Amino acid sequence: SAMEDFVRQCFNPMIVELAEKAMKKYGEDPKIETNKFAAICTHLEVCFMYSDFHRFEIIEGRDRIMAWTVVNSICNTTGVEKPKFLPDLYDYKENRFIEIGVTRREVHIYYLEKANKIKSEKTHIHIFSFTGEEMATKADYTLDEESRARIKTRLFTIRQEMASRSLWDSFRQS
C-alpha cells in the first residue's frame, strides 16, 4: 500500500512505532487499516509539536498505566478534577488538561463531537484542520500565533503530500 509507505517516509520512526504499537495492541494491522495508521501518526505528531512550546505534559503516546499515573499525579498535586477520559496534554501555565483534535471535516463538526464525548468542561478542546482552520474552548488558542501556524503548516503539508501521491481522497472520506 502507498499509504503505509508514505507514513514511514514522512513521519519519524518513534511516531510510526508508537502508532503501530497502539493499533497492534487492539489487533489492528497498520497494513489493513492504513488510513487509521496515518491519522494516529498525524495526531501524535501534533500533540508532540504542541508540547514543544515545561508548560506542557504529554499524556498522549504513553501506555495506559504510565498515562493514568501521570494524570493521577497532576490531579493530586494541582487539585484539578480527575478527567473521565485520558487527555492529550496538560498546560501548567493555565493549569488545565487539553484535548487536541485533528479533522479532515469542518472544525465545528469535530469540536462539538469531542465536547459531547468529554462533557467535562474542565478539559480544554483544541481542534485543528488540514485547511489551516482551528477551533478552541472559549476561543483561547493557548499557543502563540507562530507556534500554532507551524502545526497548521505541517498539517497542510501532510495533506498535499498525500494528494501528490493521490491518497488524500481516501483519507478525507475516512
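Numbers for residues come from their place in the sequence shown, where the first is 1.
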Original post:
How many residues that are in the deposited sequence but not in the model lie between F53 and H54: none, 1 to 3, 4 to 9, or 10 or more?
Top reply: 10 or more
Subject >> Residue stretch of maximal mean CA temperature factor, 22 to 30 vs 38 to 46 >> reply: 22 to 30
Original post:
Should the higher mean CA B-factor in the entry be assigned to 55 to 63 or to 116 to 124?
Top reply: 116 to 124
**OP:** Divide the modelled residues of the chain into thirds by Cα B-factor and specify which third, lowest, middle or highest, holds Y110.
**Re:** highest
Subject >> B-factor third for the C-alpha atom of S164 within its chain >> reply: middle
Original post:
Lowest, middle or highest third: where is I98 by Cα B-factor in its chain?
Top reply: middle
**OP:** Would you please rank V71 by its C-alpha temperature factor against the other modelled residues of its chain and give the third it falls in: lowest, middle or highest?
**Re:** middle
Subject >> Within-chain third of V7 by Cα B-factor, per the entry >> reply: lowest
